[PDB]
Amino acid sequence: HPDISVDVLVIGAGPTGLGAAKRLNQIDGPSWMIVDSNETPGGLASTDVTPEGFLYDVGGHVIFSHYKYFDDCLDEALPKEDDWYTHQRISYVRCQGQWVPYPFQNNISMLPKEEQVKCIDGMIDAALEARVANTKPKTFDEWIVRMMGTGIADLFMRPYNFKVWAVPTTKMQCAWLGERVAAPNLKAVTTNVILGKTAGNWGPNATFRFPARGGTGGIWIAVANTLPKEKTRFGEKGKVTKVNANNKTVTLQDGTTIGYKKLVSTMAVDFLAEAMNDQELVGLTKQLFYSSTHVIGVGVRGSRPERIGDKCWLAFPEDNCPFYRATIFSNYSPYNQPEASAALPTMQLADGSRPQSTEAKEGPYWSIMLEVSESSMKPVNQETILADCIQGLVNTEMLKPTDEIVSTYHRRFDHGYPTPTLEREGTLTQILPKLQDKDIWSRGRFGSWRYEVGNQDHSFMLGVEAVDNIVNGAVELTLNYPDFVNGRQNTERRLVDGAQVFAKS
């Protein structure tokens, strides 16, 4: 007999695992426990801090919630108004010396007129083709060209998405983008070109909220803190090293054994196959594809430059920089970096020069967070990527050569993005049912490998819905029907359901 026995065991305390725990804790029926190899919950939604006091998320993390249940739990975890800062969803694309408002195609009036003509001509071709289209696009690349036409595709979405996914657009499926017809809004595009107009897809009602303190990781620490501590096991003491699917037993690194009736696993499914010593599953999961993520952080001395302003995140299709995305992380919360009175020495100038003085000087400070993707199709030199990012900051005119860098950060995350390859579904529909047959719910960004339901709210809810399926026979909608859950506000499931109301009576 095992050291511990529970009805439902949850492996991992990122958002998905925490969702499973929150729903299990609410239901308060079957016995359960959650484990994690990290002492701090949060997974890829955690936050680091440099010795100089600059916080960095695991790349740009902006919350858009499709679910009231998610909202309930974040509200519970961080209930005060000053626990959060609200911002508009302000983003741009760097192109040919310009900050072009997203969406790119509605703002090409900023480009040279000859380029506008080529763009519009290509979109006219796409519009005429779409009028007689009777097939769906099969690849991400086809989807892009049918939507934008060749000229606009070539300027932004084609080169940008290679930099993001670290695979060519021709090697990815497009079903993950949803049911919308791949067709241009030619009138919208020509109208803004004709009016010489720019317009971003943000405004007073297109906002996100960010935690005042501790970065995105602050949320998940706070959510985890609402759980009964004795049902959690976080740290080296919580590291899973072996899963015996046949005996429904998990072994931890310290030798502790846990018996389960149902297993919710949120570790990367390729790690799970290895932990299970299941050769067939190892083979299948190796057919999946993922990219790694390099997160680079740069802390800069000075008040926020006017050229930066209220920018939140920034997309980079061009090859004068290695990152695909920059986030003005200092814009998300004043507590993502030190206060202005904090004294820090200049480490280097943005052009690589040594500072004139080694003396600690005061702020204020601002902060840029960068992401560079890596895969077998897109190698990254770990030894030079930081310097290359900083040079890229000068090339893109985010930093002047003279700007004073007072903190740097670089961390590589092996499993960064689960890639929507052409082969993904053919592989997943072999893996997930085999795991299911063994009473294993493998769920999450790399637990079930579907990027289109791979944000914090989707992950949280994948855990919630897995538990609801286990206990109440609910449909796992987020898992199997991304278009469904993303196309509605999911309002029915709440942190207090009828069940708990009636029980308290």
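Residues carry their position along the shown sequence, with the first being 1.
Peer 1: Should the higher mean CA B-factor in the entry be assigned to 227-235 or to 265-273?
Peer 2: Taking the mean C-alpha B-factor of 227-235 and of 265-273, the larger value falls to 227-235.
Peer 1: Between 443-451 and 25-33, name whichever shows the higher mean Cα B factor according to the PDB entry.
Peer 2: Between 25-33 and 443-451, it is 25-33 that shows the higher mean C-alpha B-factor.
Peer 1: Tell me which of 147, 164, 258, 152 tops the list for C-alpha B factor in the record.
Peer 2: Each of 147, 164, 258, 152 was compared by C-alpha B-factor; the highest is 258.
Peer 1: Out of 185, 191, 430, 336, which residue has the highest Cα temperature factor in the PDB record?
Peer 2: The record points to 430.
Peer 1: Considering only modelled residues of the same chain, in which third does the CA B-factor of residue 62 rank: lowest, middle or highest?
Peer 2: Residue 62: CA B-factor falls in the lowest third of its chain.
Peer 1: Quick one: classify residue 478 as lowest, middle or highest third of the chain based on its Cα B-factor.
Peer 2: Its C-alpha B-factor belongs to the lowest third of this chain's values.
Peer 1: Mind checking which third residue 435 falls in for C-alpha B-factor across the chain?
Peer 2: For residue 435, the deposited C-alpha B-factor lands in the highest third.
Peer 1: State the tercile, meaning the lowest, middle or highest third, of residue 456 with respect to the CA B-factors recorded for its chain.
Peer 2: Within its chain, residue 456 is a lowest-third residue by C-alpha B-factor, going by the deposited values.
Peer 1: Quick check for you: using the entry's CA B-factors within this chain, is residue 395 in the lowest, middle or highest third?
Peer 2: Bottom third by C-alpha B-factor.
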